[PDB]
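Chemist: What follows is entry-v5.json, made up of JSON, C-alpha atoms and all ligand atoms:
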```json
[["chain", "number", "residue", "atom", "x", "y", "z"],
["A", 1, "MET", "CA", -19.83, 13.01, -14.97],
["A", 2, "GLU", "CA", -17.69, 10.75, -17.19],
["A", 3, "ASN", "CA", -15.61, 13.91, -17.28],
["A", 4, "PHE", "CA", -14.63, 13.25, -13.65],
["A", 5, "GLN", "CA", -12.92, 10.41, -11.87],
["A", 6, "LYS", "CA", -13.77, 9.63, -8.27],
["A", 7, "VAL", "CA", -10.59, 9.81, -6.20],
["A", 8, "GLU", "CA", -12.21, 9.23, -2.77],
["A", 9, "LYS", "CA", -15.36, 9.64, -0.72],
["A", 10, "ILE", "CA", -14.98, 12.68, 1.52],
["A", 11, "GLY", "CA", -18.29, 12.18, 3.36],
["A", 12, "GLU", "CA", -22.05, 12.62, 3.33],
["A", 13, "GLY", "CA", -23.20, 16.23, 3.26],
["A", 14, "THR", "CA", -26.68, 17.62, 3.86],
["A", 15, "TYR", "CA", -27.58, 17.13, 0.21],
["A", 16, "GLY", "CA", -25.81, 13.88, -0.62],
["A", 17, "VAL", "CA", -22.41, 12.27, -1.06],
["A", 18, "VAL", "CA", -19.19, 14.33, -1.42],
["A", 19, "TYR", "CA", -16.25, 13.09, -3.47],
["A", 20, "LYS", "CA", -12.76, 14.26, -4.06],
["A", 21, "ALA", "CA", -12.62, 13.82, -7.82],
["A", 22, "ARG", "CA", -10.28, 14.57, -10.69],
["A", 23, "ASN", "CA", -11.23, 16.29, -13.93],
["A", 24, "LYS", "CA", -10.26, 13.54, -16.52],
["A", 25, "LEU", "CA", -9.65, 16.13, -19.23],
["A", 26, "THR", "CA", -8.52, 19.31, -17.57],
["A", 27, "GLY", "CA", -6.75, 17.54, -14.69],
["A", 28, "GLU", "CA", -7.91, 19.76, -11.81],
["A", 29, "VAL", "CA", -8.75, 18.25, -8.42],
["A", 30, "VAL", "CA", -12.30, 19.11, -7.14],
["A", 31, "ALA", "CA", -15.05, 18.51, -4.56],
["A", 32, "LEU", "CA", -17.85, 16.68, -6.38],
["A", 33, "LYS", "CA", -21.31, 16.95, -4.80],
["A", 34, "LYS", "CA", -24.25, 14.73, -5.74],
["A", 35, "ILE", "CA", -27.47, 16.55, -4.95],
["A", 36, "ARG", "CA", -30.42, 14.29, -4.15],
["A", 37, "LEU", "CA", -33.98, 15.16, -5.09],
["A", 44, "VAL", "CA", -34.35, 19.05, -10.76],
["A", 45, "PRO", "CA", -36.86, 21.94, -10.33],
["A", 46, "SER", "CA", -36.35, 24.96, -12.63],
["A", 47, "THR", "CA", -36.11, 27.11, -9.47],
["A", 48, "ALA", "CA", -33.20, 25.29, -7.73],
["A", 49, "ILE", "CA", -31.36, 25.44, -11.05],
["A", 50, "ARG", "CA", -31.87, 29.20, -11.32],
["A", 51, "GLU", "CA", -30.76, 29.80, -7.71],
["A", 52, "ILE", "CA", -27.65, 27.63, -7.95],
["A", 53, "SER", "CA", -26.59, 29.30, -11.21],
["A", 54, "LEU", "CA", -26.70, 32.65, -9.34],
["A", 55, "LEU", "CA", -24.17, 31.16, -6.82],
["A", 56, "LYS", "CA", -21.69, 30.69, -9.63],
["A", 57, "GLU", "CA", -21.25, 34.47, -9.89],
["A", 58, "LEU", "CA", -20.95, 34.95, -6.13],
["A", 59, "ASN", "CA", -17.19, 34.76, -5.95],
["A", 60, "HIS", "CA", -15.01, 35.79, -3.05],
["A", 61, "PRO", "CA", -11.68, 34.50, -1.69],
["A", 62, "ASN", "CA", -13.36, 33.29, 1.51],
["A", 63, "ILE", "CA", -16.11, 31.46, -0.29],
["A", 64, "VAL", "CA", -15.31, 28.02, -1.70],
["A", 65, "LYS", "CA", -15.54, 28.54, -5.46],
["A", 66, "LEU", "CA", -18.48, 26.90, -7.22],
["A", 67, "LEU", "CA", -16.79, 25.92, -10.52],
["A", 68, "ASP", "CA", -19.74, 24.22, -12.20],
["A", 69, "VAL", "CA", -23.27, 22.92, -11.94],
["A", 70, "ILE", "CA", -23.87, 19.82, -14.05],
["A", 71, "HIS", "CA", -27.51, 19.04, -14.62],
["A", 72, "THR", "CA", -27.59, 15.81, -16.59],
["A", 73, "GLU", "CA", -30.42, 13.31, -16.61],
["A", 74, "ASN", "CA", -32.69, 14.57, -13.88],
["A", 75, "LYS", "CA", -29.55, 14.61, -11.71],
["A", 76, "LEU", "CA", -27.59, 17.48, -10.13],
["A", 77, "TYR", "CA", -23.82, 17.75, -9.57],
["A", 78, "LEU", "CA", -21.85, 20.60, -8.16],
["A", 79, "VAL", "CA", -18.19, 21.01, -8.73],
["A", 80, "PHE", "CA", -16.29, 23.05, -6.13],
["A", 81, "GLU", "CA", -12.68, 24.13, -5.64],
["A", 82, "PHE", "CA", -11.07, 21.36, -3.49],
["A", 83, "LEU", "CA", -9.98, 22.15, 0.10],
["A", 84, "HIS", "CA", -8.08, 19.43, 1.96],
["A", 85, "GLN", "CA", -9.23, 20.05, 5.54],
["A", 86, "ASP", "CA", -12.28, 21.29, 7.53],
["A", 87, "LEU", "CA", -12.31, 23.24, 10.86],
["A", 88, "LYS", "CA", -13.82, 20.28, 12.71],
["A", 89, "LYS", "CA", -10.84, 18.03, 11.93],
["A", 90, "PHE", "CA", -8.48, 20.95, 12.66],
["A", 91, "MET", "CA", -10.03, 21.58, 16.10],
["A", 92, "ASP", "CA", -9.86, 17.85, 16.86],
["A", 93, "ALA", "CA", -6.17, 17.54, 15.84],
["A", 94, "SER", "CA", -5.80, 20.69, 18.02],
["A", 95, "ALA", "CA", -7.61, 19.52, 21.21],
["A", 96, "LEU", "CA", -4.72, 19.00, 23.66],
["A", 97, "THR", "CA", -3.66, 22.61, 23.20],
["A", 98, "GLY", "CA", -6.36, 24.54, 21.27],
["A", 99, "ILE", "CA", -5.98, 26.70, 18.15],
["A", 100, "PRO", "CA", -3.71, 29.67, 18.99],
["A", 101, "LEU", "CA", -5.75, 32.83, 19.43],
["A", 102, "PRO", "CA", -4.03, 34.79, 16.58],
["A", 103, "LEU", "CA", -5.24, 32.09, 14.22],
["A", 104, "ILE", "CA", -8.80, 32.05, 15.73],
["A", 105, "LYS", "CA", -8.81, 35.86, 15.23],
["A", 106, "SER", "CA", -7.69, 35.34, 11.58],
["A", 107, "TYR", "CA", -10.20, 32.60, 10.91],
["A", 108, "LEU", "CA", -13.05, 34.75, 12.46],
["A", 109, "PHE", "CA", -11.97, 37.89, 10.48],
["A", 110, "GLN", "CA", -11.80, 35.97, 7.19],
["A", 111, "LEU", "CA", -15.17, 34.24, 7.85],
["A", 112, "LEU", "CA", -16.77, 37.61, 8.60],
["A", 113, "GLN", "CA", -15.29, 38.83, 5.34],
["A", 114, "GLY", "CA", -17.05, 35.96, 3.44],
["A", 115, "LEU", "CA", -20.29, 36.77, 5.31],
["A", 116, "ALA", "CA", -20.13, 40.52, 4.62],
["A", 117, "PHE", "CA", -19.73, 39.80, 0.86],
["A", 118, "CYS", "CA", -22.53, 37.29, 0.61],
["A", 119, "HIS", "CA", -24.80, 39.31, 2.92],
["A", 120, "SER", "CA", -24.38, 42.41, 0.70],
["A", 121, "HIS", "CA", -25.80, 40.45, -2.30],
["A", 122, "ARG", "CA", -28.47, 39.21, 0.15],
["A", 123, "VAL", "CA", -27.39, 35.53, 0.16],
["A", 124, "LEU", "CA", -27.52, 33.60, 3.44],
["A", 125, "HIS", "CA", -25.76, 30.37, 4.34],
["A", 126, "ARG", "CA", -28.27, 29.39, 7.05],
["A", 127, "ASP", "CA", -26.29, 26.30, 7.94],
["A", 128, "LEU", "CA", -22.82, 27.36, 9.09],
["A", 129, "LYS", "CA", -20.94, 24.65, 11.05],
["A", 130, "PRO", "CA", -17.35, 23.44, 11.51],
["A", 131, "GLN", "CA", -17.86, 20.86, 8.69],
["A", 132, "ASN", "CA", -18.71, 23.72, 6.26],
["A", 133, "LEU", "CA", -15.59, 25.69, 7.06],
["A", 134, "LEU", "CA", -12.56, 24.79, 5.11],
["A", 135, "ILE", "CA", -8.93, 25.64, 5.51],
["A", 136, "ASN", "CA", -5.84, 25.57, 3.34],
["A", 137, "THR", "CA", -2.07, 25.49, 3.90],
["A", 138, "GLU", "CA", -1.97, 29.23, 3.23],
["A", 139, "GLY", "CA", -3.71, 30.30, 6.39],
["A", 140, "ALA", "CA", -7.01, 30.76, 4.50],
["A", 141, "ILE", "CA", -10.44, 29.69, 5.67],
["A", 142, "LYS", "CA", -13.51, 29.42, 3.47],
["A", 143, "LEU", "CA", -17.25, 28.81, 3.63],
["A", 144, "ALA", "CA", -18.61, 25.77, 1.76],
["A", 145, "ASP", "CA", -22.29, 25.35, 0.65],
["A", 146, "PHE", "CA", -23.16, 29.06, 0.69],
["A", 147, "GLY", "CA", -26.60, 29.71, -0.75],
["A", 148, "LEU", "CA", -27.57, 26.01, -0.95],
["A", 149, "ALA", "CA", -30.14, 26.00, 1.89],
["A", 150, "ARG", "CA", -32.42, 28.38, -0.01],
["A", 151, "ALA", "CA", -31.99, 26.25, -3.14],
["A", 152, "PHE", "CA", -32.76, 22.77, -1.61],
["A", 153, "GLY", "CA", -34.14, 23.20, 1.93],
["A", 154, "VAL", "CA", -32.53, 22.08, 5.20],
["A", 155, "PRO", "CA", -33.75, 18.63, 6.33],
["A", 156, "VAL", "CA", -33.72, 16.92, 9.76],
["A", 157, "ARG", "CA", -31.80, 13.90, 8.39],
["A", 158, "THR", "CA", -29.33, 13.39, 5.59],
["A", 159, "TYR", "CA", -30.11, 10.81, 2.84],
["A", 160, "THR", "CA", -27.99, 8.44, 5.00],
["A", 161, "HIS", "CA", -29.99, 9.38, 8.16],
["A", 162, "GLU", "CA", -27.12, 11.32, 9.81],
["A", 163, "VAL", "CA", -29.02, 13.77, 12.09],
["A", 164, "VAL", "CA", -28.40, 17.33, 11.04],
["A", 165, "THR", "CA", -26.93, 19.33, 13.97],
["A", 166, "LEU", "CA", -28.79, 22.12, 15.71],
["A", 167, "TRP", "CA", -25.73, 23.30, 17.59],
["A", 168, "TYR", "CA", -25.31, 26.39, 15.50],
["A", 169, "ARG", "CA", -28.96, 27.17, 14.87],
["A", 170, "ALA", "CA", -30.25, 30.72, 15.64],
["A", 171, "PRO", "CA", -33.02, 31.10, 18.25],
["A", 172, "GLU", "CA", -35.50, 32.73, 15.82],
["A", 173, "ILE", "CA", -35.19, 29.63, 13.62],
["A", 174, "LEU", "CA", -35.97, 27.31, 16.58],
["A", 175, "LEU", "CA", -38.90, 29.57, 17.60],
["A", 176, "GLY", "CA", -40.40, 28.92, 14.20],
["A", 177, "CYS", "CA", -39.79, 32.28, 12.55],
["A", 178, "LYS", "CA", -40.00, 31.65, 8.75],
["A", 179, "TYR", "CA", -38.46, 34.86, 7.40],
["A", 180, "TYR", "CA", -35.07, 34.88, 9.16],
["A", 181, "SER", "CA", -32.32, 37.12, 7.86],
["A", 182, "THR", "CA", -28.55, 37.30, 7.58],
["A", 183, "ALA", "CA", -28.34, 37.40, 11.41],
["A", 184, "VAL", "CA", -28.71, 33.68, 11.42],
["A", 185, "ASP", "CA", -25.18, 33.41, 10.01],
["A", 186, "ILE", "CA", -23.71, 35.77, 12.67],
["A", 187, "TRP", "CA", -25.28, 33.66, 15.38],
["A", 188, "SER", "CA", -23.74, 30.41, 14.03],
["A", 189, "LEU", "CA", -20.32, 32.06, 13.60],
["A", 190, "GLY", "CA", -20.54, 33.31, 17.19],
["A", 191, "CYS", "CA", -21.20, 29.75, 18.33],
["A", 192, "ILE", "CA", -18.23, 28.51, 16.27],
["A", 193, "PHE", "CA", -16.05, 31.32, 17.63],
["A", 194, "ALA", "CA", -16.90, 30.41, 21.28],
["A", 195, "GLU", "CA", -16.15, 26.70, 20.35],
["A", 196, "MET", "CA", -12.68, 27.45, 18.92],
["A", 197, "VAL", "CA", -11.85, 29.44, 22.03],
["A", 198, "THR", "CA", -13.08, 26.95, 24.62],
["A", 199, "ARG", "CA", -12.52, 23.63, 22.75],
["A", 200, "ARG", "CA", -16.14, 22.63, 23.50],
["A", 201, "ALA", "CA", -19.37, 23.26, 21.52],
["A", 202, "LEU", "CA", -21.31, 26.26, 23.01],
["A", 203, "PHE", "CA", -24.86, 24.75, 22.77],
["A", 204, "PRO", "CA", -24.59, 20.95, 22.02],
["A", 205, "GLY", "CA", -28.36, 20.32, 21.69],
["A", 206, "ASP", "CA", -29.79, 17.01, 20.77],
["A", 207, "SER", "CA", -33.24, 18.22, 19.91],
["A", 208, "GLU", "CA", -34.92, 21.57, 19.26],
["A", 209, "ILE", "CA", -36.06, 22.13, 22.80],
["A", 210, "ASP", "CA", -32.79, 20.90, 24.32],
["A", 211, "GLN", "CA", -31.00, 23.32, 21.98],
["A", 212, "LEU", "CA", -33.34, 26.20, 22.79],
["A", 213, "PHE", "CA", -33.12, 25.37, 26.51],
["A", 214, "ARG", "CA", -29.28, 25.28, 26.39],
["A", 215, "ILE", "CA", -29.34, 28.66, 24.73],
["A", 216, "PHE", "CA", -31.69, 29.96, 27.46],
["A", 217, "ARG", "CA", -29.58, 28.59, 30.24],
["A", 218, "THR", "CA", -26.42, 30.49, 29.16],
["A", 219, "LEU", "CA", -28.01, 33.72, 27.88],
["A", 220, "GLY", "CA", -31.23, 34.01, 29.88],
["A", 221, "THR", "CA", -34.73, 33.12, 28.76],
["A", 222, "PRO", "CA", -35.58, 35.87, 26.32],
["A", 223, "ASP", "CA", -38.45, 38.25, 27.12],
["A", 224, "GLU", "CA", -40.07, 41.35, 25.68],
["A", 225, "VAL", "CA", -37.34, 43.54, 27.29],
["A", 226, "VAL", "CA", -34.45, 41.91, 25.37],
["A", 227, "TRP", "CA", -36.39, 40.64, 22.35],
["A", 228, "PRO", "CA", -39.53, 42.67, 21.39],
["A", 229, "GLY", "CA", -42.00, 40.37, 19.61],
["A", 230, "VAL", "CA", -40.56, 37.13, 21.05],
["A", 231, "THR", "CA", -43.56, 35.97, 23.08],
["A", 232, "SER", "CA", -45.60, 36.07, 19.88],
["A", 233, "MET", "CA", -43.29, 33.89, 17.73],
["A", 234, "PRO", "CA", -44.87, 30.61, 16.57],
["A", 235, "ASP", "CA", -43.12, 28.12, 18.95],
["A", 236, "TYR", "CA", -42.73, 30.41, 21.89],
["A", 237, "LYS", "CA", -44.59, 29.04, 24.98],
["A", 238, "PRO", "CA", -45.36, 31.19, 28.14],
["A", 239, "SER", "CA", -44.49, 28.07, 30.12],
["A", 240, "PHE", "CA", -40.74, 28.06, 29.08],
["A", 241, "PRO", "CA", -38.66, 27.95, 32.24],
["A", 242, "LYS", "CA", -37.09, 31.36, 33.08],
["A", 243, "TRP", "CA", -33.34, 31.14, 33.48],
["A", 244, "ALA", "CA", -31.15, 34.04, 34.38],
["A", 245, "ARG", "CA", -28.25, 35.06, 32.16],
["A", 246, "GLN", "CA", -24.74, 33.85, 33.04],
["A", 247, "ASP", "CA", -21.74, 36.18, 32.96],
["A", 248, "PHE", "CA", -19.78, 35.71, 29.74],
["A", 249, "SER", "CA", -16.56, 35.72, 31.68],
["A", 250, "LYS", "CA", -17.88, 32.29, 32.80],
["A", 251, "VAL", "CA", -18.88, 31.35, 29.19],
["A", 252, "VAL", "CA", -15.59, 31.81, 27.29],
["A", 253, "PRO", "CA", -12.48, 31.92, 29.42],
["A", 254, "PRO", "CA", -9.87, 32.98, 28.63],
["A", 255, "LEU", "CA", -11.26, 35.22, 25.85],
["A", 256, "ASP", "CA", -10.19, 38.86, 26.41],
["A", 257, "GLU", "CA", -12.54, 41.85, 26.86],
["A", 258, "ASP", "CA", -12.72, 42.80, 23.15],
["A", 259, "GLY", "CA", -13.39, 39.15, 22.25],
["A", 260, "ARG", "CA", -16.24, 38.73, 24.82],
["A", 261, "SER", "CA", -17.71, 42.06, 23.82],
["A", 262, "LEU", "CA", -17.79, 40.97, 20.13],
["A", 263, "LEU", "CA", -19.16, 37.48, 20.92],
["A", 264, "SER", "CA", -21.91, 39.11, 23.03],
["A", 265, "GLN", "CA", -23.02, 41.22, 20.00],
["A", 266, "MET", "CA", -22.99, 38.10, 17.77],
["A", 267, "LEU", "CA", -25.17, 36.31, 20.28],
["A", 268, "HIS", "CA", -27.92, 38.97, 20.69],
["A", 269, "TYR", "CA", -31.38, 37.41, 20.88],
["A", 270, "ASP", "CA", -33.04, 40.05, 18.68],
["A", 271, "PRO", "CA", -31.74, 39.51, 15.14],
["A", 272, "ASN", "CA", -32.09, 43.33, 14.57],
["A", 273, "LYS", "CA", -29.76, 44.09, 17.48],
["A", 274, "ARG", "CA", -27.31, 41.31, 16.50],
["A", 275, "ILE", "CA", -24.12, 42.82, 14.99],
["A", 276, "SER", "CA", -23.73, 42.62, 11.23],
["A", 277, "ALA", "CA", -20.72, 40.99, 9.47],
["A", 278, "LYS", "CA", -19.73, 44.46, 8.33],
["A", 279, "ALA", "CA", -19.88, 46.13, 11.74],
["A", 280, "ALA", "CA", -18.06, 43.20, 13.37],
["A", 281, "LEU", "CA", -14.99, 43.65, 11.08],
["A", 282, "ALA", "CA", -14.64, 47.22, 12.44],
["A", 283, "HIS", "CA", -14.71, 45.79, 15.98],
["A", 284, "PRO", "CA", -11.63, 46.62, 18.23],
["A", 285, "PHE", "CA", -11.11, 42.85, 18.57],
["A", 286, "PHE", "CA", -9.63, 42.91, 15.06],
["A", 287, "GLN", "CA", -7.27, 45.80, 15.69],
["A", 288, "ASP", "CA", -4.16, 43.71, 15.93],
["A", 289, "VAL", "CA", -5.37, 41.04, 13.47],
["A", 290, "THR", "CA", -2.76, 38.97, 11.59],
["A", 291, "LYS", "CA", -2.75, 35.98, 9.26],
["A", 292, "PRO", "CA", -0.61, 33.17, 10.76],
["A", 293, "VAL", "CA", 0.10, 29.97, 8.81],
["A", 294, "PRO", "CA", -1.29, 26.88, 10.45],
["A", 295, "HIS", "CA", 0.43, 23.54, 10.91],
["A", 296, "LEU", "CA", -1.73, 21.24, 8.79],
["A", 297, "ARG", "CA", -1.16, 17.50, 8.54],
["A", 298, "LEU", "CA", -2.57, 16.26, 5.20],
["A", 301, "LIG", "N1", -13.42, 21.16, -1.27],
["A", 301, "LIG", "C1", -14.30, 20.82, -0.39],
["A", 301, "LIG", "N2", -14.16, 19.77, 0.48],
["A", 301, "LIG", "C2", -15.26, 19.61, 1.30],
["A", 301, "LIG", "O1", -15.36, 18.74, 2.16],
["A", 301, "LIG", "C3", -16.25, 20.55, 0.99],
["A", 301, "LIG", "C4", -17.46, 20.74, 1.69],
["A", 301, "LIG", "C5", -18.08, 19.77, 2.52],
["A", 301, "LIG", "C6", -17.80, 18.40, 2.38],
["A", 301, "LIG", "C7", -18.51, 17.46, 3.15],
["A", 301, "LIG", "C8", -19.49, 17.90, 4.02],
["A", 301, "LIG", "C9", -19.78, 19.27, 4.11],
["A", 301, "LIG", "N3", -19.09, 20.18, 3.36],
["A", 301, "LIG", "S1", -15.73, 21.57, -0.24],
["A", 302, "CL", "CL", -10.69, 16.13, 6.34]]
```
Output the file's structure in the form of structure tokens.
Ligand SMILES: N=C1NC(=O)/C(=C\c2ccccn2)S1
Ligand SMILES: [Cl-]
Modeler:
Amino acid sequence: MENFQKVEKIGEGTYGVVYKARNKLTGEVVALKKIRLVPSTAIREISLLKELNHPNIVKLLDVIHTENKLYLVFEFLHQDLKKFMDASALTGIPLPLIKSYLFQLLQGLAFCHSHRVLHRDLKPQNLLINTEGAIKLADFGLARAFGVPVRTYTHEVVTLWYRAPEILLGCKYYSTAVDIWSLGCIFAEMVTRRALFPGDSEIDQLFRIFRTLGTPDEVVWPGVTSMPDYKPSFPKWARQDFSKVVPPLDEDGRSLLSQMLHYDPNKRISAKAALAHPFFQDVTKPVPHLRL
């Protein structure tokens, strides 16, 4: 750690404080992450992440385990999608750039999903952009390594906004579909300039999902009524038209979103199949206007 000089506090992540830091004796600028508990098993799983390299995955450069303390050194990105969407509120992100960001993010998912690694916690804070028109996923694989808590070490409530319905219904063996779901939510949010399901508790979150997409049953989601936190007494809401959900997203866009938001994780489109979707037919890579 004496090998690094703290430049500034970026924030408080799930796992602890995040610093922009500078490598005192190689000179590279990095994201320094202090992980708060290290168990042999978290070490082994994090070291696996070091080989999982893709241009749309924020590069894990190193894992320093010193003392009984855990530090992760990442490639530094200067902006996240939450800031970018804020800065972009009066007019919204142009759709060619939403299409690019989605297509790149699906590319990161397809890669990680092929080696069987999930994120499980995708959210605008975890998505990171550069001046090149790139977008990248931060913290991939870390949920499996450390858990996902209700509150950060600083008591910041962890958001549920992007959580998949099978997770909220207490399914314990969720798959890669969880990441598709979250990215769908994020996609709808970039398009409309509003979070899709801004829930402030598990039931509020689940009930916001239900209200937009219908209360799921055995027709749409075989096995649902038998999931741990399913209750027969859930209100039964009818599904809203998507044309009402994401104006002014075009037909290909709404079609794709709809497949990303399938209740049944087995019916939900994969990262791989989504890249072949007609929505990406005229995809381009514009350069954003970033203020740093
Ligand atoms: N280079 C990076 N900058 C960041 O800010 C990174 C990830 C991040 C940072 C804070 C909270 C959640 N994720 S990676
Ligand atoms: Cl920022």
Chemist: Mind listing the residues within 10 Å of ligand CL 302 (chain A), all atoms listed in the file counted, as a list in words?
Modeler: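 Checking all atoms listed in the file against ligand CL 302 (chain A) at 10 Å gives residues 10, 11, 83, 84, 85, 86, 87, 88, 89, 90, 131, 134, 135, 297 and 298 of chain A.
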Chemist: Write out as a ChimeraX atom specification each polymer residue (protein, DNA or RNA) that has an atom no more than 6 Å from ligand LIG 301 (chain A), with only C-alpha atoms and all ligand atoms counted.
Modeler: /A:11-13,18,31,80-83,131-132,144
Chemist: What separation in Å, quoted to one decimal, exists between atom CA of residue 194 of chain A and atom CA of residue 252 of chain A?
Modeler: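 Atom-to-atom, atom CA of residue 194 of chain A to atom CA of residue 252 of chain A, that is 6.3 Å.
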Chemist: If we count all atoms listed in the file, what is near residue 173 of chain A at a cut-off of 12 Å, once residues fewer than 2 positions away on the same chain are taken out, given as a ChimeraX atom specification?
Modeler: /A:126-127,154,166,168-171,175-185,187-188,208-209,211-212,230,233-236,269-271
Chemist: What is the atom CA of residue 73 of chain A to atom CA of residue 48 of chain A distance in Å?
Modeler: 15.2 Å
Chemist: For atom CA of residue 75 of chain A and atom CA of residue 142 of chain A, determine how far apart the two atoms are, in Å to one decimal place.
Modeler: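 Those two atoms sit 26.6 Å apart.
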Chemist: Nearest to residue 122 of chain A among A:55, A:108, A:201, A:17, with distances taken over only C-alpha atoms: which residue is it?
Modeler: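 Of all the options, A:55 lies closest to residue 122 of chain A.
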Chemist: Pick from A:59, A:46, A:26, A:14: nearest to residue 129 of chain A, with all atoms listed in the file counted?
Modeler: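 The shortest atom-to-atom distance to residue 129 of chain A comes from A:14.
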Chemist: Between A:199, A:289, A:240, A:255, which residue has the minimum interatomic distance to residue 92 of chain A, considering all atoms listed in the file?
Modeler: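 Among the listed residues, A:199 lies closest to residue 92 of chain A.
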Chemist: Name the closest residue to residue 200 of chain A among the candidates A:251, A:35, A:101, A:263; distances are taken between atoms, counting all atoms listed in the file.
Modeler: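 Looking only at the distances to residue 200 of chain A, the closest residue turns out to be A:251.
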Chemist: Could you tell me which of A:237, A:109, A:138, A:63 comes closest to residue 282 of chain A if we count all atoms listed in the file?
Modeler: A:109
Chemist: Considering all atoms listed in the file, can you say which of A:69, A:260, A:287, A:58 comes closest to residue 121 of chain A?
Modeler: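 Selected residue with least distance to residue 121 of chain A: A:58.
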Chemist: Mind checking which residues fall within 9 Å of residue 291 of chain A, counting all atoms listed in the file, ignoring those fewer than 3 positions away in the same chain, and posting them as a list in words?
Modeler: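 Once the adjacent positions are removed, what remains is residues 102, 103, 105, 106, 107, 139 and 140 of chain A.
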Chemist: Residue 150 of chain A: which residues within 10 Å, counting all atoms listed in the file, same-chain residues fewer than 6 positions away excluded, as a PDB file with C-alpha atoms, keeping the file's coordinate frame?
Modeler:
```pdb
ATOM      1  CA  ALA A  48     -33.200  25.290  -7.730  1.00  0.00           C
ATOM      2  CA  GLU A  51     -30.760  29.800  -7.710  1.00  0.00           C
ATOM      3  CA  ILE A  52     -27.650  27.630  -7.950  1.00  0.00           C
ATOM      4  CA  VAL A 123     -27.390  35.530   0.160  1.00  0.00           C
ATOM      5  CA  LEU A 124     -27.520  33.600   3.440  1.00  0.00           C
ATOM      6  CA  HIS A 125     -25.760  30.370   4.340  1.00  0.00           C
ATOM      7  CA  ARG A 126     -28.270  29.390   7.050  1.00  0.00           C
TER       8      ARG A 126
END
```
Chemist: Can you fill out segment 63-74 of chain A with N, CA, C and O atoms and hand it back as a short mmCIF file (atom, residue, chain, number, x, y, z; two decimals), in the frame of the given file?
Modeler:
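File written: selection-v7.cif
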```
data_model
loop_
_atom_site.label_atom_id
_atom_site.label_comp_id
_atom_site.auth_asym_id
_atom_site.auth_seq_id
_atom_site.Cartn_x
_atom_site.Cartn_y
_atom_site.Cartn_z
N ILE A 63 -15.00 32.25 0.13
CA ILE A 63 -16.11 31.46 -0.29
C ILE A 63 -15.50 30.43 -1.22
O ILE A 63 -14.77 30.78 -2.19
N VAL A 64 -15.74 29.16 -0.88
CA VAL A 64 -15.31 28.02 -1.70
C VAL A 64 -15.96 28.18 -3.06
O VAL A 64 -17.22 28.23 -3.18
N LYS A 65 -15.11 28.22 -4.09
CA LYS A 65 -15.54 28.54 -5.46
C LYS A 65 -16.40 27.45 -6.05
O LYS A 65 -15.93 26.33 -6.21
N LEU A 66 -17.65 27.79 -6.41
CA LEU A 66 -18.48 26.90 -7.22
C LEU A 66 -18.05 27.00 -8.72
O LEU A 66 -18.32 27.99 -9.42
N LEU A 67 -17.38 25.95 -9.19
CA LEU A 67 -16.79 25.92 -10.52
C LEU A 67 -17.85 25.60 -11.57
O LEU A 67 -17.91 26.25 -12.61
N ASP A 68 -18.69 24.62 -11.28
CA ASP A 68 -19.74 24.22 -12.20
C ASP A 68 -20.91 23.54 -11.54
O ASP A 68 -20.82 23.08 -10.43
N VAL A 69 -22.01 23.55 -12.28
CA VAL A 69 -23.27 22.92 -11.94
C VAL A 69 -23.62 22.04 -13.14
O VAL A 69 -24.02 22.53 -14.20
N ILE A 70 -23.44 20.73 -13.00
CA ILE A 70 -23.87 19.82 -14.05
C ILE A 70 -25.26 19.26 -13.74
O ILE A 70 -25.47 18.53 -12.76
N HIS A 71 -26.21 19.66 -14.57
CA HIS A 71 -27.51 19.04 -14.62
C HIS A 71 -27.60 18.12 -15.82
O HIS A 71 -27.74 18.57 -16.96
N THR A 72 -27.47 16.82 -15.56
CA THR A 72 -27.59 15.81 -16.59
C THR A 72 -28.53 14.76 -16.05
O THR A 72 -28.59 14.54 -14.83
N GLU A 73 -29.26 14.11 -16.97
CA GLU A 73 -30.42 13.31 -16.61
C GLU A 73 -31.43 14.22 -15.91
O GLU A 73 -31.73 15.32 -16.39
N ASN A 74 -31.95 13.74 -14.78
CA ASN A 74 -32.69 14.57 -13.88
C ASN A 74 -31.84 14.58 -12.61
O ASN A 74 -32.36 14.55 -11.49
#
```
